[PDB]
Number of protein chains: 2
Amino acid sequence: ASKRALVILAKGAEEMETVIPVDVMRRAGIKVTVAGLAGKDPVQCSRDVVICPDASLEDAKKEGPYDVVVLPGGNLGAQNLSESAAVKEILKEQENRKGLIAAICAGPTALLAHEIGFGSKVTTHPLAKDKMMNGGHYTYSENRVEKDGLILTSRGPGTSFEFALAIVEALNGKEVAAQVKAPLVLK
Amino acid sequence: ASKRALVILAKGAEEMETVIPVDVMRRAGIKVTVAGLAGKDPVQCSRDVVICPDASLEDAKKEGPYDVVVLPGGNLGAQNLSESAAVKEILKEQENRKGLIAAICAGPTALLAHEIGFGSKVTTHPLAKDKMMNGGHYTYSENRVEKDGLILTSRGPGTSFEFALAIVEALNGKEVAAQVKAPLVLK
Ligand SMILES: *[C@@]1(=O)C(=O)N([C]C(=O)O[C][C][C][C])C2=[C][C]=[C][C]=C21
Ligand SMILES: *[C@@]1(=O)C(=O)N([C]C(=O)O[C][C][C][C])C2=[C][C]=[C][C]=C21
Ligand SMILES: [Cl-]
Ligand SMILES: [Cl-]
C-alpha cells in the first residue's frame with residue numbers, strides 16, 4: 001500500500017522547502033496532501049510564490065492519519081504553525097502513534113511550541129537555533145539532516161533535497177530513495 | 001536600478017525548477033514576474049503543485065523588456081514553451097537586444113525550437129540531450145551550469161540553486177550572489 005504525507009502549508013512558508021519535499025515525495029510514489037492551514041484558498045509564501053493547496057487542513061485531517069507530517073520553514077510560516085491548535089493536535093496524535101514527523105529550517109520550532117519529541121537530537125537553520133534550544137529541551141546538531149527515531153529535521157532551502165530524500169528513505173527504503181535521487185542531478 | 005526577471009510558467013513545468021529560481025532571484029532583490037503562458041489562471045505543474053502566476057504572459061510582455069528571461073524545465077512544460085509563438089517572439093527579442101536567457105533541464109530544448117543561441121555551449125538534463133542536439137546546432141556540456149555569453153543553461157532540479165545563483169551573479173554580481181547563497185545552507 002502507498003504511503004501518505006501531510007504537508008502543512010501556512011502563510012509565510014518557505015516555498016522551496018514546501019515544493020521540493022512535495023515534488024520529491026510524489027516522485028517516490030507517496031500520496032501527498034498539501035493542506036492549507038488557513039483553509040482551502042491559495043497561500044502566499046515567503047518570497048511571494050502563491051500555491052494552491054490540495055485541501056484545507058480541516059479536511060485533510062479527516063482523511064488522517066498519515067505516515068509523515070511535514071512542516072516547512074519560513075519564519076512567518078513556522079510561527080503560524082507554532083501558534084496553531086490544529087497543528088498541536090495533529091502532531092500530538094502523530095507522535096502518540098509513533099508516526100514520522102519531519103521539519104525543516106524554522107519548522108522544527110513548531111515542535112518546541114507543541115512540546116513534541118523532547119529529548120531528540122535536532123537541527124534547524126542556524127538562525128533558528130536559539131529559539132529551538134530555549135529551555136534545553138533538545139540536543140542540537142549541525143548535521144544537514146538529523147533523523148532521531150521519528151523526529152526528522154533539517155537546516156534550510158539548500159538541504160531540502162537531502163531532507164526530502166531522507167523522508168523517502170524512512171518511508172519507502174534506501175533503494176527507492178536512490179532511484180528517485182538519480183534523475184534529479186544532485187551533487 | 002533593480003533588475004527584472006520574466007519566468008515563463010507553462011502547464012507541466014517542473015515546479016522545483018520554477019520556484020527555486022523565483023525565490024532565489026527575489027532574495028537577490030530582482031523584480032520577478034511569474035508569467036502564465038496560458039493566461040492568468042493557476043498552473044498545474046509536473047508533480048501537481050499548483051502555482052498562481054503574477055500575470056499572464058500577454059500582460060507581462062507589455063511591461064518588457066527584462067534583464068533575464070527564464071525557462072523552467074519539465075518535459076511537458078518545455079514542450080509547451082517550444083510550441084508557443086509568444087515565447088518565440090519574446091526570446092528572439094531578448095537575443096536581439098543582447099539580454100540574458102536562462103533555461104534548465106528540458107527548458108533549453110525551447111531554445112532549439114525557437115532557433116535561439118545557435119553555436120552556444122549548452123547543457124540540459126541527460127535525458128534531453130538527444131533532443132537538444134538534433135542537427136548539431138549547439139555544443140554539449142556536462143557542466144552542472146553552463147554560461148556561454150547570454151545563454152545560460154543547467155541540468156535538473158538538483159542544479160536549480162546553482163542555476164539560480166548563476167543568474168544572480170550575471171545580473172547583480174559575484175558579491176550579491178555570495179551573500180544570497182550563505183543563508184541557504186548549500187553544500
Ligand atoms: C528558513 O527557511 C527559515 O525558516 N528561516 C527562518 C529563521 O530561521 O528565522 C529564525 C527566527 C527564529 C524562528 C530562514 C532564515 C534564513 C534562510 C532560510 C530560512
Ligand atoms: C527535468 O525537469 C526535465 O525537464 N526533464 C524532462 C526531460 O528531460 O525529458 C526529456 C524528453 C526530451 C525533452 C526531466 C527528466 C527527469 C528529471 C528531471 C527533468
Ligand atoms: Cl522566511
Ligand atoms: Cl516532467
# chains A, B, ... in the order shown; residues from 1 in each chain; ligands from 1
>>> residues_near_ligand(ligand="ligand 4", cutoff="12 Å", atoms="only C-alpha atoms and all ligand atoms", output="MDAnalysis selection string")
(chainID A and resid 23 27 183:184) or (chainID B and resid 10:18 44:48 72:80 104:107 125 127:128 156:157)
>>> select_by_dssp(residues="region 5-164 of chain A", states="strand (DSSP E)", output="short mmCIF file (atom, residue, chain, number, x, y, z; two decimals) with N, CA, C and O atoms, in the first residue's frame")
data_model
loop_
_atom_site.label_atom_id
_atom_site.label_comp_id
_atom_site.auth_asym_id
_atom_site.auth_seq_id
_atom_site.Cartn_x
_atom_site.Cartn_y
_atom_site.Cartn_z
N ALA A 5 1.57 11.35 2.92
CA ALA A 5 2.23 12.50 3.55
C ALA A 5 1.29 13.69 3.66
O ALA A 5 0.58 14.02 2.70
N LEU A 6 1.27 14.33 4.82
CA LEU A 6 0.57 15.58 5.03
C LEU A 6 1.59 16.70 5.14
O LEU A 6 2.44 16.67 6.01
N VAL A 7 1.53 17.65 4.21
CA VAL A 7 2.41 18.84 4.22
C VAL A 7 1.53 20.00 4.60
O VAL A 7 0.59 20.37 3.88
N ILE A 8 1.82 20.58 5.75
CA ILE A 8 1.02 21.71 6.27
C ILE A 8 1.56 23.03 5.80
O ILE A 8 2.67 23.47 6.16
N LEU A 9 0.72 23.71 5.02
CA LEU A 9 1.10 24.92 4.30
C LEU A 9 0.44 26.19 4.90
O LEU A 9 -0.78 26.41 4.74
N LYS A 31 1.62 9.39 -1.65
CA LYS A 31 0.44 10.22 -1.81
C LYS A 31 0.52 11.41 -0.88
O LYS A 31 0.40 11.27 0.33
N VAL A 32 0.74 12.58 -1.46
CA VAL A 32 0.95 13.80 -0.73
C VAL A 32 -0.26 14.74 -0.76
O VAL A 32 -0.81 15.05 -1.84
N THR A 33 -0.71 15.14 0.43
CA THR A 33 -1.68 16.23 0.57
C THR A 33 -1.06 17.52 1.07
O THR A 33 -0.59 17.62 2.20
N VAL A 34 -1.07 18.51 0.17
CA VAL A 34 -0.73 19.88 0.53
C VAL A 34 -1.95 20.55 1.18
O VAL A 34 -2.96 20.87 0.51
N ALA A 35 -1.86 20.73 2.49
CA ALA A 35 -3.01 21.17 3.32
C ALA A 35 -2.83 22.59 3.82
O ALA A 35 -1.87 22.93 4.53
N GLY A 36 -3.77 23.45 3.45
CA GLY A 36 -3.72 24.83 3.83
C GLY A 36 -4.12 25.01 5.26
O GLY A 36 -5.24 24.62 5.68
N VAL A 43 -2.13 30.18 -0.92
CA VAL A 43 -1.26 30.59 0.16
C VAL A 43 -0.09 31.39 -0.41
O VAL A 43 0.61 30.91 -1.34
N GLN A 44 0.08 32.58 0.13
CA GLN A 44 1.20 33.46 -0.16
C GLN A 44 2.42 33.05 0.65
O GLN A 44 2.49 33.28 1.85
N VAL A 50 2.73 31.92 -4.89
CA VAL A 50 1.38 31.58 -4.45
C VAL A 50 1.02 30.16 -4.85
O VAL A 50 1.01 29.79 -6.04
N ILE A 51 0.76 29.33 -3.84
CA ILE A 51 0.50 27.94 -4.03
C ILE A 51 -0.92 27.63 -3.61
O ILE A 51 -1.35 28.08 -2.52
N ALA A 55 -6.20 20.91 -0.31
CA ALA A 55 -7.28 20.88 0.65
C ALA A 55 -6.97 21.82 1.80
O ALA A 55 -5.83 22.27 1.98
N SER A 56 -7.99 22.10 2.59
CA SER A 56 -7.83 22.68 3.91
C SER A 56 -7.23 21.63 4.84
O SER A 56 -7.40 20.41 4.65
N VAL A 68 3.71 10.37 7.36
CA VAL A 68 4.55 11.50 7.73
C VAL A 68 3.74 12.80 7.77
O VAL A 68 2.90 13.05 6.90
N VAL A 69 4.06 13.65 8.73
CA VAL A 69 3.60 15.01 8.79
C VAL A 69 4.83 15.89 8.58
O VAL A 69 5.82 15.75 9.32
N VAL A 70 4.73 16.77 7.57
CA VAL A 70 5.85 17.62 7.17
C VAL A 70 5.57 19.09 7.45
O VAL A 70 4.53 19.64 7.02
N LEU A 71 6.53 19.73 8.12
CA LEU A 71 6.46 21.12 8.46
C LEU A 71 7.56 21.88 7.73
O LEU A 71 8.74 21.78 8.10
N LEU A 100 6.12 9.28 11.76
CA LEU A 100 7.19 10.22 11.46
C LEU A 100 6.70 11.67 11.40
O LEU A 100 5.62 12.00 10.85
N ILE A 101 7.53 12.55 11.94
CA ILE A 101 7.32 14.00 11.84
C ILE A 101 8.63 14.57 11.30
O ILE A 101 9.72 14.23 11.78
N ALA A 102 8.51 15.40 10.26
CA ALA A 102 9.66 15.96 9.56
C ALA A 102 9.50 17.47 9.50
O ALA A 102 8.44 17.99 9.13
N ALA A 103 10.57 18.20 9.85
CA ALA A 103 10.52 19.66 9.90
C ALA A 103 11.84 20.27 9.48
O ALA A 103 12.89 19.76 9.82
N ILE A 104 11.77 21.37 8.73
CA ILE A 104 12.97 21.99 8.15
C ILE A 104 13.04 23.49 8.42
O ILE A 104 12.01 24.21 8.47
N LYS A 121 17.65 14.65 19.33
CA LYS A 121 18.68 15.36 18.60
C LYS A 121 18.00 15.98 17.38
O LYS A 121 17.32 15.31 16.63
N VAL A 122 18.18 17.29 17.21
CA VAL A 122 17.57 18.05 16.15
C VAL A 122 18.56 19.01 15.53
O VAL A 122 19.51 19.44 16.19
N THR A 139 18.72 18.28 22.00
CA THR A 139 20.14 18.40 21.81
C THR A 139 20.38 18.84 20.36
O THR A 139 19.76 18.32 19.42
N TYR A 140 21.26 19.83 20.19
CA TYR A 140 21.43 20.45 18.87
C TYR A 140 22.53 19.78 18.03
O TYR A 140 23.61 19.43 18.53
N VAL A 145 20.94 16.98 7.71
CA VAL A 145 19.71 16.29 8.08
C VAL A 145 20.01 15.51 9.36
O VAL A 145 21.05 14.86 9.46
N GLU A 146 19.06 15.56 10.28
CA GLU A 146 19.18 14.82 11.54
C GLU A 146 17.94 13.95 11.65
O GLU A 146 16.85 14.45 11.65
N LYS A 147 18.12 12.63 11.72
CA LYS A 147 16.99 11.74 12.00
C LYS A 147 17.25 11.08 13.34
O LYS A 147 18.25 10.38 13.52
N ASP A 148 16.39 11.35 14.31
CA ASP A 148 16.48 10.72 15.61
C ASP A 148 15.14 10.02 15.81
O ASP A 148 14.14 10.64 16.21
N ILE A 151 11.62 11.69 14.69
CA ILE A 151 11.76 13.16 14.53
C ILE A 151 12.90 13.42 13.54
O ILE A 151 14.08 13.12 13.82
N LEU A 152 12.54 14.00 12.38
CA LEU A 152 13.48 14.18 11.29
C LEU A 152 13.53 15.66 11.00
O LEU A 152 12.51 16.28 10.68
N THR A 153 14.72 16.24 11.14
CA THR A 153 14.84 17.69 10.99
C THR A 153 15.96 18.02 9.99
O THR A 153 16.82 17.22 9.69
N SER A 154 15.92 19.26 9.50
CA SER A 154 16.92 19.71 8.54
C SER A 154 17.04 21.23 8.56
O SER A 154 16.26 21.92 9.19
#
>>> residues_around(residues="residue 137 (chain B)", least_positions_apart="6", cutoff="10 Å", atoms="only C-alpha atoms", output="VMD selection string")
chain B and resid 112 115 to 121
>>> residues_around(residues="residue 180 (chain A)", least_positions_apart="4", cutoff="9 Å", atoms="only C-alpha atoms", output="PyMOL selection string")
chain A and resi 24-25+27-28+165+168+175-176+184
>>> write_last_selection(atoms="C-alpha atoms", output="PDB file, in the first residue's frame")
ATOM      1  CA  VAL A  24      10.319  14.549  -4.379  1.00  0.00           C
ATOM      2  CA  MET A  25       7.788  12.586  -2.287  1.00  0.00           C
ATOM      3  CA  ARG A  27       8.386  11.103  -7.371  1.00  0.00           C
ATOM      4  CA  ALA A  28       8.716   8.394  -4.727  1.00  0.00           C
ATOM      5  CA  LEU A 165      15.170  12.041   0.293  1.00  0.00           C
ATOM      6  CA  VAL A 168      11.577   8.938   1.223  1.00  0.00           C
ATOM      7  CA  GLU A 175      16.608   1.700  -2.827  1.00  0.00           C
ATOM      8  CA  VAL A 176      13.566   3.829  -3.718  1.00  0.00           C
ATOM      9  CA  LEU A 184      17.452  14.843 -10.083  1.00  0.00           C
TER      10      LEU A 184
END
>>> atom_distance(atom1="atom 4 (O, counted along the ligand's line) of ligand 1", atom2="CA of residue 108 (chain A)")
8.9 Å
>>> residues_around(residues="residue 61 (chain A)", least_positions_apart="2", cutoff="10 Å", atoms="only C-alpha atoms", output="ChimeraX atom specification")
/A:6,35,55-59,63-66,86-87,89-90
>>> select_by_dssp(residues="region 17-137 of chain A", states="alpha helix (DSSP H)", output="ChimeraX atom specification")
/A:17-27,57-62,75-82,85-96,108-113,129-132
>>> atom_distance(atom1="CA of residue 166 (chain A)", atom2="CA of residue 150 (chain A)")
11.6 Å
